[PDB]
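Trainee: Sharing input10.cif here; it has mmCIF, N, CA and C atoms (P, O5', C5', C4', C3', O3' and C1' of nucleotides).
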data_structure
#
loop_
_atom_site.label_atom_id
_atom_site.label_comp_id
_atom_site.auth_asym_id
_atom_site.auth_seq_id
_atom_site.Cartn_x
_atom_site.Cartn_y
_atom_site.Cartn_z
N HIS X 1 0.86 -1.22 0.00
CA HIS X 1 0.00 0.00 0.00
C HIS X 1 0.88 1.24 0.00
N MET X 2 1.13 1.79 -1.19
CA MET X 2 1.96 2.98 -1.31
C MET X 2 1.29 4.17 -0.64
N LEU X 3 -0.03 4.27 -0.80
CA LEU X 3 -0.78 5.36 -0.21
C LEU X 3 -1.41 4.94 1.11
N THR X 4 -2.14 5.86 1.73
CA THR X 4 -2.80 5.59 3.00
C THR X 4 -4.04 4.73 2.79
N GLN X 5 -4.97 4.83 3.72
CA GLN X 5 -6.20 4.06 3.63
C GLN X 5 -6.98 4.44 2.38
N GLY X 6 -6.81 5.68 1.94
CA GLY X 6 -7.51 6.15 0.76
C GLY X 6 -7.04 7.55 0.36
N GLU X 7 -5.73 7.74 0.30
CA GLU X 7 -5.17 9.03 -0.08
C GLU X 7 -5.62 9.43 -1.48
N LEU X 8 -6.08 8.45 -2.25
CA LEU X 8 -6.54 8.72 -3.60
C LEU X 8 -8.03 8.43 -3.74
N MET X 9 -8.55 7.58 -2.86
CA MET X 9 -9.97 7.21 -2.89
C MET X 9 -10.86 8.40 -2.64
N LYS X 10 -10.69 9.03 -1.50
CA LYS X 10 -11.50 10.18 -1.15
C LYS X 10 -11.02 11.40 -1.92
N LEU X 11 -10.36 11.17 -3.04
CA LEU X 11 -9.83 12.26 -3.85
C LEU X 11 -10.45 12.25 -5.23
N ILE X 12 -10.46 11.08 -5.86
CA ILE X 12 -11.01 10.99 -7.20
C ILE X 12 -12.41 11.59 -7.28
N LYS X 13 -13.31 11.12 -6.43
CA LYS X 13 -14.68 11.62 -6.44
C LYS X 13 -14.82 12.91 -5.66
N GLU X 14 -13.94 13.09 -4.70
CA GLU X 14 -13.96 14.28 -3.86
C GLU X 14 -13.52 15.50 -4.65
N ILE X 15 -12.54 15.30 -5.54
CA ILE X 15 -12.02 16.40 -6.34
C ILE X 15 -12.82 16.53 -7.64
N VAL X 16 -13.22 15.39 -8.20
CA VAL X 16 -14.00 15.40 -9.42
C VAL X 16 -15.36 16.03 -9.19
N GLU X 17 -15.98 15.69 -8.06
CA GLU X 17 -17.30 16.22 -7.74
C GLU X 17 -17.20 17.68 -7.30
N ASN X 18 -15.97 18.17 -7.18
CA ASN X 18 -15.76 19.55 -6.76
C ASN X 18 -15.22 20.40 -7.91
N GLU X 19 -15.03 19.78 -9.07
CA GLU X 19 -14.52 20.50 -10.23
C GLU X 19 -15.63 20.80 -11.22
N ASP X 20 -15.56 20.15 -12.38
CA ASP X 20 -16.57 20.36 -13.40
C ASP X 20 -17.51 19.17 -13.48
N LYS X 21 -18.68 19.32 -12.88
CA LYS X 21 -19.68 18.27 -12.89
C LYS X 21 -20.12 17.97 -14.32
N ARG X 22 -20.22 19.01 -15.14
CA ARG X 22 -20.64 18.87 -16.53
C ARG X 22 -19.51 18.29 -17.37
N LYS X 23 -18.34 18.17 -16.76
CA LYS X 23 -17.17 17.63 -17.45
C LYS X 23 -16.41 16.68 -16.53
N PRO X 24 -16.84 15.44 -16.45
CA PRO X 24 -16.18 14.42 -15.58
C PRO X 24 -14.83 13.97 -16.12
N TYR X 25 -13.96 13.53 -15.22
CA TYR X 25 -12.63 13.08 -15.61
C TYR X 25 -12.67 11.60 -15.98
N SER X 26 -11.53 11.07 -16.39
CA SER X 26 -11.45 9.66 -16.77
C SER X 26 -10.30 9.00 -16.03
N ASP X 27 -10.56 7.82 -15.47
CA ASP X 27 -9.54 7.08 -14.72
C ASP X 27 -8.14 7.50 -15.14
N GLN X 28 -7.90 7.58 -16.45
CA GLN X 28 -6.60 7.99 -16.95
C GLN X 28 -6.29 9.44 -16.58
N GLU X 29 -7.22 10.34 -16.86
CA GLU X 29 -7.02 11.74 -16.56
C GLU X 29 -6.87 11.98 -15.06
N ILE X 30 -7.78 11.41 -14.29
CA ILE X 30 -7.74 11.57 -12.84
C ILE X 30 -6.41 11.05 -12.31
N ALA X 31 -5.96 9.94 -12.87
CA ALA X 31 -4.69 9.37 -12.44
C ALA X 31 -3.55 10.31 -12.81
N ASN X 32 -3.70 10.99 -13.95
CA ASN X 32 -2.66 11.91 -14.41
C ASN X 32 -2.50 13.10 -13.48
N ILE X 33 -3.60 13.75 -13.16
CA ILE X 33 -3.58 14.90 -12.27
C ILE X 33 -3.15 14.48 -10.87
N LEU X 34 -3.63 13.32 -10.44
CA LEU X 34 -3.32 12.79 -9.12
C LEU X 34 -1.83 12.55 -8.97
N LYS X 35 -1.18 12.24 -10.07
CA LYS X 35 0.25 11.99 -10.04
C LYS X 35 1.01 13.31 -9.94
N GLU X 36 0.32 14.41 -10.17
CA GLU X 36 0.95 15.72 -10.12
C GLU X 36 0.96 16.27 -8.70
N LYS X 37 0.09 15.73 -7.85
CA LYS X 37 -0.01 16.20 -6.48
C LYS X 37 0.93 15.41 -5.59
N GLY X 38 0.62 14.14 -5.40
CA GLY X 38 1.45 13.29 -4.57
C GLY X 38 0.80 11.93 -4.34
N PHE X 39 0.00 11.49 -5.30
CA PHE X 39 -0.67 10.21 -5.18
C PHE X 39 -0.06 9.19 -6.14
N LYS X 40 0.74 9.70 -7.08
CA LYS X 40 1.42 8.86 -8.06
C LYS X 40 0.74 7.51 -8.18
N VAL X 41 -0.59 7.54 -8.28
CA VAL X 41 -1.35 6.31 -8.39
C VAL X 41 -1.59 5.95 -9.85
N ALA X 42 -1.48 4.66 -10.15
CA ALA X 42 -1.67 4.18 -11.51
C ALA X 42 -3.15 4.16 -11.87
N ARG X 43 -3.43 4.29 -13.16
CA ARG X 43 -4.80 4.29 -13.65
C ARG X 43 -5.48 2.97 -13.30
N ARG X 44 -4.67 1.94 -13.08
CA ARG X 44 -5.20 0.64 -12.75
C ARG X 44 -5.89 0.65 -11.40
N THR X 45 -5.32 1.37 -10.44
CA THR X 45 -5.88 1.44 -9.12
C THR X 45 -6.99 2.47 -9.08
N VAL X 46 -6.73 3.60 -9.72
CA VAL X 46 -7.70 4.67 -9.72
C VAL X 46 -9.00 4.22 -10.38
N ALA X 47 -8.88 3.35 -11.38
CA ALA X 47 -10.04 2.83 -12.09
C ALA X 47 -10.83 1.88 -11.21
N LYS X 48 -10.11 1.05 -10.46
CA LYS X 48 -10.73 0.08 -9.57
C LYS X 48 -11.42 0.79 -8.41
N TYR X 49 -10.80 1.86 -7.94
CA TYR X 49 -11.34 2.62 -6.82
C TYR X 49 -12.65 3.31 -7.19
N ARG X 50 -12.60 4.17 -8.20
CA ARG X 50 -13.80 4.88 -8.61
C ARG X 50 -14.99 3.93 -8.65
N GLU X 51 -14.71 2.65 -8.90
CA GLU X 51 -15.77 1.65 -8.96
C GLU X 51 -16.09 1.13 -7.56
N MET X 52 -15.09 1.12 -6.69
CA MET X 52 -15.28 0.65 -5.33
C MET X 52 -16.06 1.66 -4.50
N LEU X 53 -15.73 2.93 -4.67
CA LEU X 53 -16.39 3.99 -3.91
C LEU X 53 -17.88 4.01 -4.21
N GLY X 54 -18.21 4.12 -5.48
CA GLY X 54 -19.60 4.14 -5.88
C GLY X 54 -19.79 4.92 -7.17
N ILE X 55 -18.81 4.84 -8.07
CA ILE X 55 -18.90 5.55 -9.33
C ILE X 55 -18.61 4.60 -10.51
N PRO X 56 -19.45 4.58 -11.51
CA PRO X 56 -19.25 3.70 -12.71
C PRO X 56 -18.11 4.18 -13.59
N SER X 57 -18.09 5.49 -13.84
CA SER X 57 -17.05 6.09 -14.67
C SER X 57 -17.13 7.62 -14.64
N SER X 58 -17.90 8.15 -13.70
CA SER X 58 -18.06 9.59 -13.57
C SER X 58 -18.67 10.19 -14.84
N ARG X 59 -18.80 9.37 -15.87
CA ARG X 59 -19.37 9.82 -17.13
C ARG X 59 -20.89 9.69 -17.09
N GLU X 60 -21.36 8.64 -16.42
CA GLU X 60 -22.80 8.40 -16.33
C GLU X 60 -23.46 9.43 -15.44
N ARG X 61 -22.78 9.79 -14.36
CA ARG X 61 -23.32 10.77 -13.43
C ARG X 61 -23.52 12.11 -14.12
N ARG X 62 -22.60 12.47 -15.00
CA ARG X 62 -22.72 13.74 -15.70
C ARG X 62 -23.91 13.71 -16.65
N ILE X 63 -24.04 12.63 -17.39
CA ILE X 63 -25.14 12.49 -18.34
C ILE X 63 -26.39 11.98 -17.65
"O5'" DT Y 1 -8.90 10.53 -31.16
"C5'" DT Y 1 -9.71 11.71 -31.27
"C4'" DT Y 1 -11.08 11.49 -30.62
"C3'" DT Y 1 -11.02 11.12 -29.15
"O3'" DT Y 1 -10.99 12.30 -28.34
"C1'" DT Y 1 -12.55 9.71 -30.31
P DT Y 2 -10.21 12.29 -26.93
"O5'" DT Y 2 -11.08 11.27 -26.06
"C5'" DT Y 2 -12.44 11.58 -25.72
"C4'" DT Y 2 -13.16 10.36 -25.14
"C3'" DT Y 2 -12.54 9.77 -23.89
"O3'" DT Y 2 -13.08 10.40 -22.71
"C1'" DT Y 2 -13.39 8.08 -25.38
P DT Y 3 -12.31 10.28 -21.31
"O5'" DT Y 3 -12.68 8.77 -20.86
"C5'" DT Y 3 -14.03 8.42 -20.56
"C4'" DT Y 3 -14.20 6.91 -20.41
"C3'" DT Y 3 -13.36 6.26 -19.32
"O3'" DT Y 3 -14.10 6.24 -18.09
"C1'" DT Y 3 -13.61 4.87 -21.28
P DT Y 4 -13.39 5.73 -16.73
"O5'" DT Y 4 -13.50 4.13 -16.91
"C5'" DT Y 4 -14.78 3.48 -17.04
"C4'" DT Y 4 -14.63 2.02 -17.46
"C3'" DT Y 4 -13.85 1.15 -16.50
"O3'" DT Y 4 -14.74 0.50 -15.58
"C1'" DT Y 4 -13.33 0.65 -18.80
P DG Y 5 -14.15 -0.28 -14.30
"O5'" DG Y 5 -13.74 -1.72 -14.91
"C5'" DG Y 5 -14.74 -2.62 -15.41
"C4'" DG Y 5 -14.13 -3.85 -16.09
"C3'" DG Y 5 -13.20 -4.66 -15.21
"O3'" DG Y 5 -13.94 -5.66 -14.49
"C1'" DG Y 5 -12.26 -4.35 -17.39
P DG Y 6 -13.27 -6.44 -13.25
"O5'" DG Y 6 -12.38 -7.56 -14.00
"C5'" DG Y 6 -13.01 -8.56 -14.80
"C4'" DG Y 6 -11.99 -9.40 -15.56
"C3'" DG Y 6 -11.00 -10.16 -14.69
"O3'" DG Y 6 -11.53 -11.44 -14.33
"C1'" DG Y 6 -9.85 -9.01 -16.42
P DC Y 7 -11.11 -12.12 -12.92
"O5'" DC Y 7 -9.55 -12.45 -13.16
"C5'" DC Y 7 -9.14 -13.41 -14.14
"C4'" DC Y 7 -7.63 -13.35 -14.37
"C3'" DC Y 7 -6.77 -13.61 -13.14
"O3'" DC Y 7 -6.53 -15.02 -12.98
"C1'" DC Y 7 -5.93 -11.79 -14.45
P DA Y 8 -6.23 -15.63 -11.52
"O5'" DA Y 8 -4.75 -15.07 -11.22
"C5'" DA Y 8 -3.64 -15.46 -12.04
"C4'" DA Y 8 -2.42 -14.57 -11.78
"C3'" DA Y 8 -1.86 -14.61 -10.37
"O3'" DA Y 8 -0.87 -15.64 -10.26
"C1'" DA Y 8 -1.93 -12.36 -11.21
P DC Y 9 -0.25 -16.00 -8.83
"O5'" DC Y 9 0.87 -14.85 -8.65
"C5'" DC Y 9 2.02 -14.82 -9.51
"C4'" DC Y 9 2.86 -13.56 -9.31
"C3'" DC Y 9 3.30 -13.34 -7.88
"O3'" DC Y 9 4.51 -14.07 -7.60
"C1'" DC Y 9 2.49 -11.30 -8.84
P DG Y 10 4.73 -14.69 -6.12
"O5'" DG Y 10 5.04 -13.39 -5.22
"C5'" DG Y 10 6.29 -12.70 -5.35
"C4'" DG Y 10 6.24 -11.33 -4.69
"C3'" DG Y 10 5.85 -11.32 -3.22
"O3'" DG Y 10 6.99 -11.50 -2.38
"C1'" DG Y 10 4.60 -9.71 -4.41
P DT Y 11 6.82 -12.25 -0.96
"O5'" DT Y 11 5.85 -11.25 -0.16
"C5'" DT Y 11 6.27 -9.92 0.15
"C4'" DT Y 11 5.13 -9.10 0.75
"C3'" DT Y 11 4.53 -9.68 2.01
"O3'" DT Y 11 5.27 -9.27 3.17
"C1'" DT Y 11 2.86 -8.80 0.54
P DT Y 12 5.34 -10.23 4.47
"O5'" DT Y 12 3.83 -10.17 5.02
"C5'" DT Y 12 3.28 -8.94 5.51
"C4'" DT Y 12 1.77 -9.05 5.71
"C3'" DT Y 12 1.31 -10.12 6.69
"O3'" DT Y 12 1.24 -9.58 8.02
"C1'" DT Y 12 -0.15 -9.87 4.79
P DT Y 13 1.12 -10.56 9.29
"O5'" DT Y 13 -0.45 -10.92 9.31
"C5'" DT Y 13 -1.43 -9.91 9.60
"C4'" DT Y 13 -2.85 -10.41 9.33
"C3'" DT Y 13 -3.25 -11.66 10.10
"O3'" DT Y 13 -3.95 -11.30 11.30
"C1'" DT Y 13 -4.04 -11.70 7.82
P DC Y 14 -4.33 -12.44 12.37
"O5'" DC Y 14 -5.63 -13.11 11.70
"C5'" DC Y 14 -6.84 -12.36 11.52
"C4'" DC Y 14 -7.86 -13.13 10.69
"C3'" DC Y 14 -8.25 -14.48 11.26
"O3'" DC Y 14 -9.33 -14.36 12.19
"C1'" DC Y 14 -7.99 -14.53 8.86
"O5'" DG J 1 -7.13 -23.04 -1.69
"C5'" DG J 1 -8.46 -23.58 -1.72
"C4'" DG J 1 -9.39 -22.81 -0.79
"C3'" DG J 1 -9.49 -21.32 -1.10
"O3'" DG J 1 -10.54 -21.08 -2.04
"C1'" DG J 1 -9.15 -21.66 1.23
P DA J 2 -10.46 -19.83 -3.05
"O5'" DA J 2 -10.69 -18.57 -2.08
"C5'" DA J 2 -11.94 -18.39 -1.39
"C4'" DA J 2 -11.89 -17.20 -0.45
"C3'" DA J 2 -11.59 -15.88 -1.12
"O3'" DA J 2 -12.80 -15.28 -1.61
"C1'" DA J 2 -10.37 -16.09 0.92
P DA J 3 -12.75 -14.17 -2.78
"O5'" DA J 3 -12.18 -12.89 -1.99
"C5'" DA J 3 -12.93 -12.30 -0.93
"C4'" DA J 3 -12.06 -11.34 -0.11
"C3'" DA J 3 -11.49 -10.16 -0.87
"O3'" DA J 3 -12.43 -9.08 -0.85
"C1'" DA J 3 -9.87 -11.15 0.60
P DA J 4 -12.38 -7.95 -1.99
"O5'" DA J 4 -11.05 -7.13 -1.59
"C5'" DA J 4 -10.98 -6.41 -0.35
"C4'" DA J 4 -9.54 -6.03 -0.03
"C3'" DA J 4 -8.86 -5.18 -1.08
"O3'" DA J 4 -9.04 -3.78 -0.77
"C1'" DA J 4 -7.39 -6.86 -0.17
P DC J 5 -8.78 -2.66 -1.90
"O5'" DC J 5 -7.17 -2.46 -1.87
"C5'" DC J 5 -6.53 -1.80 -0.77
"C4'" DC J 5 -5.01 -1.86 -0.88
"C3'" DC J 5 -4.46 -1.34 -2.21
"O3'" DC J 5 -4.27 0.07 -2.16
"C1'" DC J 5 -3.31 -3.31 -1.48
P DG J 6 -4.44 0.94 -3.50
"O5'" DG J 6 -3.13 0.59 -4.37
"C5'" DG J 6 -1.83 0.96 -3.90
"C4'" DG J 6 -0.74 0.58 -4.90
"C3'" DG J 6 -1.02 1.06 -6.32
"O3'" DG J 6 0.19 1.56 -6.90
"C1'" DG J 6 -0.85 -1.31 -6.29
P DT J 7 0.15 2.22 -8.36
"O5'" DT J 7 0.69 1.04 -9.31
"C5'" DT J 7 2.03 0.55 -9.14
"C4'" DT J 7 2.37 -0.59 -10.09
"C3'" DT J 7 2.07 -0.28 -11.56
"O3'" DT J 7 3.20 -0.63 -12.38
"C1'" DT J 7 0.95 -2.29 -10.88
P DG J 8 3.18 -0.28 -13.95
"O5'" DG J 8 3.21 -1.72 -14.66
"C5'" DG J 8 4.43 -2.48 -14.68
"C4'" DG J 8 4.20 -3.90 -15.20
"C3'" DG J 8 3.54 -3.96 -16.56
"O3'" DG J 8 4.53 -3.93 -17.61
"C1'" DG J 8 2.51 -5.50 -15.04
P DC J 9 4.21 -3.18 -19.01
"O5'" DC J 9 3.11 -4.12 -19.72
"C5'" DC J 9 3.45 -5.42 -20.21
"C4'" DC J 9 2.19 -6.20 -20.60
"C3'" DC J 9 1.30 -5.53 -21.63
"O3'" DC J 9 1.64 -5.95 -22.95
"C1'" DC J 9 0.03 -6.58 -19.87
P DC J 10 0.97 -5.22 -24.23
"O5'" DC J 10 -0.50 -5.89 -24.26
"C5'" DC J 10 -0.65 -7.29 -24.52
"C4'" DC J 10 -2.08 -7.76 -24.26
"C3'" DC J 10 -3.17 -7.06 -25.07
"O3'" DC J 10 -3.36 -7.73 -26.32
"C1'" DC J 10 -3.84 -7.40 -22.77
P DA J 11 -4.12 -7.00 -27.54
"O5'" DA J 11 -5.65 -7.09 -27.06
"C5'" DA J 11 -6.27 -8.37 -26.86
"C4'" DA J 11 -7.57 -8.24 -26.07
"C3'" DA J 11 -8.68 -7.46 -26.76
"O3'" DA J 11 -9.48 -8.37 -27.53
"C1'" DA J 11 -8.39 -6.67 -24.54
P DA J 12 -10.48 -7.83 -28.67
"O5'" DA J 12 -11.69 -7.22 -27.79
"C5'" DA J 12 -12.47 -8.07 -26.94
"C4'" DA J 12 -13.36 -7.24 -26.01
"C3'" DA J 12 -14.40 -6.40 -26.72
"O3'" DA J 12 -15.60 -7.16 -26.90
"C1'" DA J 12 -13.27 -5.11 -25.05
P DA J 13 -16.54 -6.92 -28.19
"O5'" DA J 13 -17.13 -5.45 -27.92
"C5'" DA J 13 -17.97 -5.17 -26.79
"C4'" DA J 13 -18.19 -3.67 -26.64
"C3'" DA J 13 -18.81 -2.99 -27.84
"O3'" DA J 13 -20.23 -2.87 -27.65
"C1'" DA J 13 -17.07 -1.66 -26.83
P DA J 14 -21.17 -2.39 -28.87
"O5'" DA J 14 -20.99 -0.79 -28.83
"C5'" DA J 14 -21.52 -0.02 -27.74
"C4'" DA J 14 -21.03 1.43 -27.77
"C3'" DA J 14 -21.30 2.15 -29.08
"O3'" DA J 14 -22.58 2.80 -29.07
"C1'" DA J 14 -19.15 2.70 -28.11
#
As structure tokens, what does this structure read like?
Mentor:
Amino acid sequence: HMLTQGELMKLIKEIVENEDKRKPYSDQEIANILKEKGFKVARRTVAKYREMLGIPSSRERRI
DNA sequence: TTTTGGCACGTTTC
DNA sequence: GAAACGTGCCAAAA
């Protein structure tokens, strides 16, 4: 576990839901920006998480 | 264009 | 026996 209990979990949806609701991010994009802060998390984990938290792809919620 | 998923390794605990 | 952590590679579909 490179990160904490959810240093990236409570971030993907926490930051995405706080940015552009009409413009959701993508596991890849979210992972990209997250790597710029200090989560250096792979899209593989970020993709699995967004699904674990309660989000299909942040794309459905927007539409 | 865009987004997502499977499997398993290593680790560890029950 | 199971689950989970993060990351390797591939693919799928629209």
Trainee: Give as a list in words every residue of chain J that touches chain X within 6.5 Å, counting only N, CA and C atoms (P, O5', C5', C4', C3', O3' and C1' of nucleotides).
Mentor: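 Taking only N, CA and C atoms (P, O5', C5', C4', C3', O3' and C1' of nucleotides) into account, residues 5, 6 and 7 of chain J sit within 6.5 Å of chain X.
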Trainee: When the cut-off is 7 Å and we count only N, CA and C atoms (P, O5', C5', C4', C3', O3' and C1' of nucleotides), which residues of chain X are near chain Y, given as a list in words?
Mentor: residues 24, 25, 26, 27, 28, 29, 47, 48, 51, 56, 57, 58 and 59 of chain X
Trainee: I need the residues in chain X that are alpha helix (DSSP H) according to DSSP; give them as an MDAnalysis selection string.
Mentor: chainID X and resid 9:16 27:37 43:53 59:62
Trainee: Atom N of residue X:33 and atom CA of residue X:17 are how many Å apart?
Mentor: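 Interatomic distance here is 14.9 Å.
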Trainee: Atom C of residue X:21 and atom C of residue X:61 are how many Å apart?
Mentor: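 Value for the atom C of residue X:21-atom C of residue X:61 distance: 6.8 Å.
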Trainee: Build an axis-aligned box that encloses every atom of chain J listed in the file, pad it by 3 Å on each side, and report its centre and edge lengths in Å to one decimal, as lines of an AutoDock Vina configuration file.
Mentor:
center_x = -9.0
center_y = -10.4
center_z = -13.9
size_x = 33.1
size_y = 32.4
size_z = 36.3
Trainee: Mind pulling up the distance from atom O5' of residue J:3 to atom N of residue X:7?
Mentor: 21.7 Å
Trainee: Complete stretch 28-44 of chain X with N, CA, C and O atoms (output as a tab-separated table (two decimals), in the coordinates of the input).
Mentor:
chain	number	residue	atom	x	y	z
X	28	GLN	N	-7.90	7.58	-16.45
X	28	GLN	CA	-6.60	7.99	-16.95
X	28	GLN	C	-6.29	9.44	-16.58
X	28	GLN	O	-5.21	9.74	-16.07
X	29	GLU	N	-7.22	10.34	-16.86
X	29	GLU	CA	-7.02	11.74	-16.56
X	29	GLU	C	-6.87	11.98	-15.06
X	29	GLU	O	-5.93	12.65	-14.62
X	30	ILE	N	-7.78	11.41	-14.29
X	30	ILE	CA	-7.74	11.57	-12.84
X	30	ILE	C	-6.41	11.05	-12.31
X	30	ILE	O	-5.81	11.66	-11.44
X	31	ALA	N	-5.96	9.94	-12.87
X	31	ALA	CA	-4.69	9.37	-12.44
X	31	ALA	C	-3.55	10.31	-12.81
X	31	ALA	O	-2.55	10.40	-12.10
X	32	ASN	N	-3.70	10.99	-13.95
X	32	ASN	CA	-2.66	11.91	-14.41
X	32	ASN	C	-2.50	13.10	-13.48
X	32	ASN	O	-1.39	13.42	-13.05
X	33	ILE	N	-3.60	13.75	-13.16
X	33	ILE	CA	-3.58	14.90	-12.27
X	33	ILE	C	-3.15	14.48	-10.87
X	33	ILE	O	-2.42	15.20	-10.19
X	34	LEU	N	-3.63	13.32	-10.44
X	34	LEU	CA	-3.32	12.79	-9.12
X	34	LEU	C	-1.83	12.55	-8.97
X	34	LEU	O	-1.27	12.64	-7.87
X	35	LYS	N	-1.18	12.24	-10.07
X	35	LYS	CA	0.25	11.99	-10.04
X	35	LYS	C	1.01	13.31	-9.94
X	35	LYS	O	2.22	13.32	-9.68
X	36	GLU	N	0.32	14.41	-10.17
X	36	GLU	CA	0.95	15.72	-10.12
X	36	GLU	C	0.96	16.27	-8.70
X	36	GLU	O	1.72	17.18	-8.38
X	37	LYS	N	0.09	15.73	-7.85
X	37	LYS	CA	-0.01	16.20	-6.48
X	37	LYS	C	0.93	15.41	-5.59
X	37	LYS	O	1.92	15.95	-5.09
X	38	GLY	N	0.62	14.14	-5.40
X	38	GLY	CA	1.45	13.29	-4.57
X	38	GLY	C	0.80	11.93	-4.34
X	38	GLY	O	1.02	11.29	-3.32
X	39	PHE	N	0.00	11.49	-5.30
X	39	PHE	CA	-0.67	10.21	-5.18
X	39	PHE	C	-0.06	9.19	-6.14
X	39	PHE	O	-0.29	7.99	-6.01
X	40	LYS	N	0.74	9.70	-7.08
X	40	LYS	CA	1.42	8.86	-8.06
X	40	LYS	C	0.74	7.51	-8.18
X	40	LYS	O	1.38	6.46	-8.18
X	41	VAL	N	-0.59	7.54	-8.28
X	41	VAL	CA	-1.35	6.31	-8.39
X	41	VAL	C	-1.59	5.95	-9.85
X	41	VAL	O	-1.86	6.82	-10.68
X	42	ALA	N	-1.48	4.66	-10.15
X	42	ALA	CA	-1.67	4.18	-11.51
X	42	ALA	C	-3.15	4.16	-11.87
X	42	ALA	O	-4.03	4.03	-11.00
X	43	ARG	N	-3.43	4.29	-13.16
X	43	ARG	CA	-4.80	4.29	-13.65
X	43	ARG	C	-5.48	2.97	-13.30
X	43	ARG	O	-6.70	2.88	-13.23
X	44	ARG	N	-4.67	1.94	-13.08
X	44	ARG	CA	-5.20	0.64	-12.75
X	44	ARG	C	-5.89	0.65	-11.40
X	44	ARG	O	-6.93	0.02	-11.22
